[PDB]
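Structure, as structure tokens:
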Amino acid sequence: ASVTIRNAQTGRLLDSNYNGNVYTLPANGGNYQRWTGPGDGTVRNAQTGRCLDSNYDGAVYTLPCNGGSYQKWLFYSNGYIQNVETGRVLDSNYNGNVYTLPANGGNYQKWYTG
Ligand SMILES: OC[C@H]1O[C@H](O[C@H]2[C@@H](O)[C@H](O)[C@@H](CO)O[C@@H]2O)[C@@H](O)[C@@H](O)[C@@H]1O
Ligand SMILES: OC[C@H]1O[C@H](O[C@H]2[C@@H](O)[C@H](O)[C@@H](CO)O[C@@H]2O)[C@@H](O)[C@@H](O)[C@@H]1O
Ligand SMILES: OC[C@H]1O[C@H](O[C@H]2[C@@H](O)[C@H](O)[C@@H](CO)O[C@@H]2O)[C@@H](O)[C@@H](O)[C@@H]1O
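The deposited numbering numbers the first residue of the sequence shown as 1 and each following residue consecutively.
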């Protein structure tokens, strides 16, 4: 069970690497752009096995999965992807930067996941 996670505004796909950097890039079909959810709230990179993670300041990264609440996420049917600990939502821009912000209703915070 795995998905891609595509930004509604930019079309770029959520992606990450072995350094733990998280960014978006145009779709390339590679496994760094796939993500798996084993049903514990985690979102794990298909290639690196590292968990999507974020902090109260809004930085986004991946780390080996550590069981904490910062690595848990809620996927809403309207496209928000919300961090369970902080309540901020996954967000990104035209340059490929990824971060979290309070929900603002803008399209950069909407994601298509499947
Ligand atoms: O050749 C490595 C890698 O290149 C392409 O993936 C890019 C990006 O999606 C990845 O996050 C980083 C991982 O370091 O590398 C590239 O910038 C894809 O062709 C991918 O399938 C490939 O394995
Ligand atoms: O620092 C306590 C914190 O550590 C671990 O979480 C790490 C990372 O997953 C978090 O995103 C950042 C948030 O600032 O903190 C750590 O680097 C977990 O053990 C977590 O439960 C705990 O609160
Ligand atoms: O007015 C710009 C933009 O502002 C709000 O979006 C913010 C953030 O969610 C976005 O990721 C970045 C993209 O560069 O911009 C802001 O920081 C939203 O109101 C959005 O609709 C709006 O275009």
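Even for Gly, the Cβ is constructed at its ideal location relative to N, Cα and C.
Since residue i sits in a beta bridge, which residues does DSSP pair it with?
| i | result |
| --- | --- |
| residue 45 | 35 |
| residue 59 | 99 |
| residue 51 | 44 and 63 |
| residue 84 | Answer is none; residue 84 lacks a bridge partner. |
| residue 2 | DSSP lists no partner for residue 2. |
If you draw a straight line from the C-alpha of residue i to the C-alpha of residue j, how long is it?
| i | j | result |
| --- | --- | --- |
| residue 93 | residue 23 | 9 Å |
| residue 25 | residue 69 | 27 Å |
| residue 77 | residue 111 | 10 Å |
| residue 28 | residue 87 | 30 Å |
| residue 31 | residue 46 | 6 Å |
| residue 75 | residue 81 | 5 Å |
| residue 58 | residue 3 | 23 Å |
| residue 43 | residue 103 | 19 Å |
| residue 13 | residue 33 | 6 Å |
With respect to 6 Å, is the separation between the Cβ of residue i and the closest non-hydrogen atom of ligand 1 below this value?
| i | result |
| --- | --- |
| residue 17 | yes |
| residue 52 | no |
| residue 39 | no |
Between residue i and residue j, which are expected to be in contact by the criterion C-beta below 8 Å, what is the C-beta distance as a whole number of angstroms?
| i | j | result |
| --- | --- | --- |
| residue 62 | residue 51 | 6 Å |
| residue 108 | residue 7 | 7 Å |
| residue 100 | residue 60 | 6 Å |
Is the closest heavy atom of ligand 3 to the C-beta of residue i under 6 Å?
| i | result |
| --- | --- |
| residue 106 | yes |
With a threshold of 6 Å, establish whether the CB of residue i neighbours any heavy atom of ligand 2.
| i | result |
| --- | --- |
| residue 70 | yes |
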